[PDB]
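Number of protein chains: 2
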Amino acid sequence: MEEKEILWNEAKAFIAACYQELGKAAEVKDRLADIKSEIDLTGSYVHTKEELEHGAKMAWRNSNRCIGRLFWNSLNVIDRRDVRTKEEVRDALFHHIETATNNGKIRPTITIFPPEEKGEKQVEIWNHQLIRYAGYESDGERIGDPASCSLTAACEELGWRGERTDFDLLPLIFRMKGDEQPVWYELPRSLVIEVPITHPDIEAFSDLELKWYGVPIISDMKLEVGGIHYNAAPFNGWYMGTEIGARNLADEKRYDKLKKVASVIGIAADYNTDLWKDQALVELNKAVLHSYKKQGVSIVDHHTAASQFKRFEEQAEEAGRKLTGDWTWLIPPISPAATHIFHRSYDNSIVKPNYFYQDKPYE
Amino acid sequence: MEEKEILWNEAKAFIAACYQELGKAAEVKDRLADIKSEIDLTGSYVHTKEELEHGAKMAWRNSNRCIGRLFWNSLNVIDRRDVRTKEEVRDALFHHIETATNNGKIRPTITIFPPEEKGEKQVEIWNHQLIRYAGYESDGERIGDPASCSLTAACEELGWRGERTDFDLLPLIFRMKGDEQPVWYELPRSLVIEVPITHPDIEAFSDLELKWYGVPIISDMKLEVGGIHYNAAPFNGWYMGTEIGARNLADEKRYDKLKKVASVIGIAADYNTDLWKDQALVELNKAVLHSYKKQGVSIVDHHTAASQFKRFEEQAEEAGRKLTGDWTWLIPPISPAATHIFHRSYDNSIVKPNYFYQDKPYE
Ligand code: HEM
Ligand code: HEM
Ligand SMILES: Cc1cc(N)nc(CCc2cc(CN)cc(CCc3cc(C)cc(N)n3)c2)c1
Ligand SMILES: Cc1cc(N)nc(CCc2cc(CN)cc(CCc3cc(C)cc(N)n3)c2)c1
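Respectively, the protein sequence lines represent chains A and A'. A prime marks a further copy of an entry chain. The numbers in the entry's author numbering rise by one with no breaks, and the one at position 178 of the first sequence is 178. The numbers in the entry's author numbering rise by one with no breaks, and the one at position 142 of the second sequence is 142.
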């Protein structure tokens with residue numbers, strides 16, 4: 001064994017750790033044997049519902065780049081390893097969107113599909129997030145979100161067509177084992193909450209006609225638990241405001257709105273020493289938090305989020321767990337020195353279970 | 001040899017590299033022999049004026065944490081390896097302040113004193129910067145700059161006494177080889193430029209009565225060139241505005257002025273979601289750049305500085321030199337995602353010549 005030996009070692013490590021945390025310590029030997037025989041028989045093994053749930057939660061806890069980890073143990077885990085058809089996959093994805101959105105009171109949720117077998121995917125999801133805007137470039141200038149340009153082009157190869165507004169919802173797109181091409185389904189608009197961006201004090205701000213979607217649902221990462229590869233396992237939290245105001249709407253390679261923001265808030269955008277970009281960033285970011293709160297859609301500001309992560313740190317030390325983190329992702333892109341994160345270091349070691357990048361099926 | 005063998009290898013590497021850049025390639029063999037014999041004879045070697053100047057410039061070029069490196073080759077190098085007395089040291093430090101300040105049109109300058117011999121310092125400087133404010137804690141609350149608390153306490157052990165304003169200038173303090181205690185000399189106020197902080201639009205801002213000094217002159221790092229240790233070698237640039245507005249005046253462990261800023265600019269400081277800290281940071285940072293420019297004192301904003309560093313990058317590739325950098329120090333503490341630095345990675349390898357930390361003589 002080499003491939004199956006890797007599986008065995010990962011399973012031994014995970015089960016011990018998992019059962020210890022669950023207090024099931026005395027059950028480890030028996031479970032480990034059953035697993036051993038099941039690998040010898042089938043070349044793999046199946047997680048119990050408890051192992052899967054706790055595995056997914058552990059994976060979140062170990063995600064070095066995530067500032068929202070305080071709430072790892074409250075992850076809502078939906079077990080969909082039973083799906084076999086594209087209608088079932090589609091309906092599970094619609095359901096995830098609905099139950100996670102929860103009328104605006106967002107629930108951190110993951111839906112878990114059948115894992116790879118021989119490195120053979122059962123389900124291959126093409127979307128980066130379940131809800132995202134399309135992007136086009138035939139230059140009347142760019143249209144929409146440039147980060148979606150390649151996926152948008154692939155969808156349109158498959159017969160979909162966007163309206164070419166700056167906010168076209170992409171369809172869900174995924175491929176089933178045995179099919180050469182993926183399928184796509186348009187998102188029901190009643191499922192997707194969107195928030196118009198207004199400013200608490202500046203009436204002109206609505207003239208920008210900005211909006212964003214309520215729930216970021218990452219759908220392109222692999223969840224690995226105990227040597228088992230769940231390549232299809234979409235998860236969501238709620239947004240930190242800076243992700244929208246400082247990146248999605250502000251980056252030059254994304255929506256690039258800072259100059260327009262400066263104009264509506266009535267400052268000149270001519271001199272670096274005026275810090276007009278910094279000023280525009282703050283008002284935009286204030287508008288985002290205000291708009292989400294007014295609509296009743298969950299969101300966290302970067303200061304509150306950092307305070308929560310300080311508690312995660314304290315909780316980790318208190319439970320004897322080593323803390324891991326990626327300082328470059330944990331600091332907010334706005335006023336990072338105003339948070340405690342900026343003034344300490346973190347160990348960027350990779351602990352499993354965890355979420356990992358995988359190759360895109362397209363481009 | 002072990003200690004002297006380390007010296008030899010460092011000297012071989014530096015001289016080759018230095019002469020290659022200076023075009024003196026054909027002179028390397030002869031110089032290398034002379035050095036070899038001088039190490040065999042005296043246990044060390046003496047740099048030529050050209051080697052020292054270029055060594056100091058290389059050291060700046062290799063400083064991973066510095067965003068101002070575009071201008072490395074224009075460093076003004078003052079050779080003071082001839083000093084033997086404390087009056088000479090004091091006068092060299094006064095002269096550095098004067099020539100670097102240059103009536104506000106700041107010249108990046110380094111003054112280089114005699115190097116360590118057997119790891120024995122000839123001159124030991126206690127100041128962190130040549131110009132810095134004292135700090136006290138007998139709590140009527142804190143007074144001045146908390147980062148200067150330990151050094152301030154050491155100066156006052158030696159007979160100096162501060163006025164206990166929030167902006168007391170510390171005296172110069174340094175120790176000569178052979179003396180048990182250091183000496184201190186008060187800074188002549190006519191040498192030190194200071195800038196009152198006002199806001200371009202908000203008249204009330206002067207009510208905070210903030211100020212800062214014009215020139216940051218690092219005096220506690222070791223310059224290493226070709227195996228020779230210049231432990232005493234103060235250097236200066238001009239400030240990037242964020243260093244003053246986002247750190248020195250803003251940090252809770254420093255002057256902690258953000259709540260007072262919020263009050264004078266007329267925003268509430270009650271809710272995280274109002275981003276009052278971010279807003280206050282921007283106006284404070286605008287005030288800093290405006291105040292330095294109005295007084296005719298050199299300063300750079302973080303956007304211009306990042307543009308300059310992009311040119312350093314391009315210059316490095318163009319000259320076939322590997323680029324090194326520390327991403328965690330290069331990004332500005334304000335709107336870092338608005339600069340190109342944030343969106344790329346850097347190799348944090350240590351190349352010599354370079355500037356290094358050394359142990360404090362006090363605390
Ligand atoms: C509850 C609300 C949540 C918030 C506010 C939050 C916040 C964030 C932020 C701000 C980032 C990085 C963005 C950046 O630095 O530019 C991030 C990254 C990440 N978060 Fe969370 N998160 C949350 C929930 C979750 C959940 C439920 C999971 C998974 C179960 C998760 C896993 C991750 C992962 C894996 C990354 C790194 C992604 C990558 O490498 O591309 N987070 N989180
Ligand atoms: C010309 C104007 C200069 C500017 C605007 C500039 C800017 C900066 C900034 C902003 C930092 C780090 C502060 C932070 O990230 O929080 C820095 C660090 C540094 N700079 Fe420069 N710098 C300049 C000139 C110089 C010169 C002349 C030298 C030496 C010859 C130098 C060597 C360094 C070093 C060694 C560090 C790291 C210090 C440490 O590790 O504590 N810089 N520079
Ligand atoms: C250059 C750069 C730096 C940096 N720190 N971060 C980024 C990208 C941030 C990013 C990237 C991806 C895709 N790899 C995905 C995200 C989404 C993270 C996320 C995930 C979840 C579940 C909730 C939530 N609020 N946020 C952020 C780029
Ligand atoms: C937590 C933390 C992060 C960070 N990026 N930077 C710091 C400190 C910044 C700092 C620290 C020291 C002392 N080690 C010295 C400086 C001064 C750098 C400097 C040096 C020179 C010569 C010019 C200039 N404008 N700035 C900055 C702390």
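We put the CB at the ideal spot given by N, CA and C, even for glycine.
Going along chain A in order, which residues have a C-beta closer than 9 Å to the C-beta of A':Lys286?
-> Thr273, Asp274, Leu275, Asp278 and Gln279
Going by the beta-carbon positions, is the gap between A':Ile39 and A':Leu330 smaller than 8 Å?
-> no
Neighbour-count burial assignment, A:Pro216, 16 or more Cβ in a 10 Å radius | buried
Beta-carbon of A:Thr304 versus every beta-carbon of chain A': anything under 8 Å?
-> For A:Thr304, the nearest CB of chain A' lies under 8 Å from its own CB, placing it at the interface with that chain.
According to DSSP, which residues form a beta bridge with A':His229?
-> BP columns for A':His229 point to A':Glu224.
Identify each residue in the stretch 317-334 of chain A for which the Cβ-Cβ distance to at least one residue of chain A' is less than 7 Å, and report them in chain order.
-> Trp327, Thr328, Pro333 and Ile334
Along the stretch 47-76 of chain A', what residues have a CB closer than 9 Å to any CB found in chain A?
-> Taking 9 Å as the upper bound on Cβ-Cβ separation, chain A lies near no residue of the stretch 47-76 of chain A'.
Considering only heavy atoms of ligand 6, list every residue whose Cβ is less than 6 Å from one of them, following chain order.
-> In the structure on display, ligand 6 does not appear, and the ligands it does have are ligand 1, ligand 2, ligand 3 and ligand 4.
Taking the alpha-carbon positions, what's the A':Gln122 to A':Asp256 distance?
-> 38 Å
In its own chain, which residues sit with a C-beta less than 8 Å from the C-beta of A':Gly104, not counting the 5 before and 5 after it?
-> Listed in chain order, the non-local C-beta contacts of A':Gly104 below 8 Å within the same chain comprise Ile193, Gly214, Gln295, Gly296, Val297 and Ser298, local neighbours out to five positions each way being set aside.
Can you tell me which of A:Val195, A:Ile265 and A:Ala306 puts its alpha carbon nearest to the alpha carbon of A:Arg65?
-> It is A:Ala306.
DSSP on A':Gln315, reduced to helix/strand/coil?
-> In the structure shown, A':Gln315 adopts helical secondary structure according to DSSP, grouped into three states.
Would a check of beta-carbon distances place A':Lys293 closer than 8 Å to chain A?
-> Closer than 8 Å to some Cβ of chain A, the Cβ of A':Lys293 qualifies, so yes.
Quick one: which residues of the stretch 184-195 of chain A' get their C-beta closer than 8 Å to a C-beta of chain A? List them in chain order.
-> none
Under 8 Å between C-beta atoms of A':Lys177 and A':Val195 = No; because the gap between Cβ atoms is not below 8 Å, this pair is not in contact.
Which whole-angstrom value is the C-beta distance of A':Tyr230 and A':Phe113, which I expect to be below 8 Å?
-> 7 Å
When you check each C-beta in the stretch 213-246 of chain A against every C-beta of chain A', which residues fall closer than 7 Å?
-> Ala246
Which two residues bound the contiguous beta strand (DSSP E) that contains A:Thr111?
-> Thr109 to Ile112
Is the beta carbon of A:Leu32 sitting closer than 8 Å to the one on A:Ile15?
-> yes
Can you name the residues that DSSP bridges to A:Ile217?
-> In the DSSP assignment, the residues bridged to A:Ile217 are A:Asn236.
Going by beta carbon distance, what residues of the same chain come within less than 7 Å of A':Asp207, once the five residues before and after it are set aside?
-> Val264
Would you identify the three-state DSSP class for A:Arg189, choosing helix, strand or coil?
-> helix
Nearest to A':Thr48 by CA position, among A':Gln358, A':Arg344, A':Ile35 and A':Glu2, is which residue?
-> A':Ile35
Within 7 Å: the Cβ of A':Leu75 and any heavy atom of ligand 2?
-> yes
Closer than 8 Å, CB to CB, is A:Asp256 near chain A' or not?
-> no
Where A:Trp160 falls: helix, strand or coil (DSSP) = Assignment of A:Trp160 by DSSP, reduced to helix, strand and coil, places it in the coil class.
If we ignore side chains and look at the alpha-carbon of each, how far apart do A':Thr324 and A':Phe312 end up?
-> 11 Å
Can you give the beta carbon distance from A:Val300 to A:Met240, rounded, assuming they're within the 8 Å contact cut?
-> 5 Å
With DSSP as the reference, please indicate the residues paired to A':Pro196 in a beta bridge.
-> The partner list for A':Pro196 (beta bridge, DSSP) reads A':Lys211.
Going straight from the alpha carbon of A:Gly266 to that of A:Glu203, what length do you get?
-> 11 Å
Would you report the Cα separation of A':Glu117 and A:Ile244, rounded to the nearest angstrom?
-> Answer to the nearest angstrom: the Cα atoms are 57 Å apart.
Using a beta-carbon distance below 8 Å, is A:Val264 in contact with chain A'?
-> no
Quick one: is the Cβ of A:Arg247 within less than 7 Å of any heavy atom of ligand 1?
-> yes
Over what stretch of residues does the beta strand (DSSP E) that includes A':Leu172 continue unbroken?
-> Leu172 to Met176
Three-state secondary structure (DSSP) at A:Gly140?
-> coil
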